[PDB]
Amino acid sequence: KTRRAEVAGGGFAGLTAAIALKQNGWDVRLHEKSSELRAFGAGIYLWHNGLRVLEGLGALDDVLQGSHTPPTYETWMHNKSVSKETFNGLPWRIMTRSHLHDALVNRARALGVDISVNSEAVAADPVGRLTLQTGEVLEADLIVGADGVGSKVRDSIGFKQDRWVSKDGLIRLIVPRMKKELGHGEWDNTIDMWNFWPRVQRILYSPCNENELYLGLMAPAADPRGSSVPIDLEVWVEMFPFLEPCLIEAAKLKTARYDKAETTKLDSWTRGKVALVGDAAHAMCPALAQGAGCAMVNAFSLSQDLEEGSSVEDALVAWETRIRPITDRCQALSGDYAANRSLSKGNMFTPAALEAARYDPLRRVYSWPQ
């Protein structure tokens, strides 16, 4: 009768998988290691592909209300605008991480997904067992490893992988828009503000709504001023003086952290009844803003393959075969862009860069052609 899924991880990948499975009539239980349900990273972009997953999950309206689509995606090199991109209408959106995480949480609770906090997966067995840190062993028809880049569900089984960490990172914060204090300009835009001279510092400027601005402040990890948290106000204001009012607000934040991106690429995403989804399987460089989009699409697509009449084992193989190449291509191009600083040139959201974004998981076609 009722098939049972056990989901490890309460981030975007696990919440998506749980809602999608619960909508399809699975009895789903989700285990989050932290003692509360929360998302870190300040703010996030979604594109059409992820917005369509939110549509599929019945969470799109709660996300659109209180989030923002800029008039254009603008790039600056040394304070000179080099490009303005609108992607031929392809939907996209900027929001805080808690905004998106709360909508997914509220939808999971509305459907009756069983959520356990302080509940950490430490091992999984392909025969359909999940072991928690308490020792408790759970049996199920499907085990979803949505437990992030340091996945114990993945590493307890052993998956061949390439896993590494970027040299440099950034500080991500949410501050008031301060729109009046910013004065004349195009302050509803996304503005990716690059500089190599006098020093390597960059700010990704990302309005989330009329009240909240997501800033990503990026400097080399070896720069002891640019990499400091709480931020070293003077070194940011010096290169970004037109954002002083916002930077003053950022400088007050105690909760800011300098984070380096970590990636993982595996040969396989499945082992018997175990599927790995999201960062657990395919964490990637930040450049195309698609790590959570691909997580959500992959989690949603897993639920679709499980509706085919097949064994869970054969549905997982079919899932990875069908959907993985979109993520593999997206991760490769993002890695290339990050390492080569390619977004600094502007006009880099090409049709190939935009592939993952254009994919509609609901109809399983590419839309929004370029």
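In this text, residue numbers run from 1 along the sequence as written.
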property	result
Given 165-173 and 251-259, the range whose Cα B-factors average higher in the PDB entry	251-259
Entry-level comparison of average CA B-factors, 224-232 and 190-198, reporting the higher stretch	224-232
Peak C-alpha temperature factor (PDB record), options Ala42, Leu343, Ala332, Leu306	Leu306
Per the PDB entry, maximal CA B factor within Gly216, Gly128, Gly278, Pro91	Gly128
Lowest, middle or highest third - CA B-factor, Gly14	lowest
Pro245, C-alpha B-factor rank within chain (lowest, middle or highest third)	highest
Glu120 - Cα temperature factor, lowest/middle/highest third of chain	middle
B-factor third for the C-alpha atom of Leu354 within its chain	lowest
Third of chain Cα B-factors occupied by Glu32	lowest
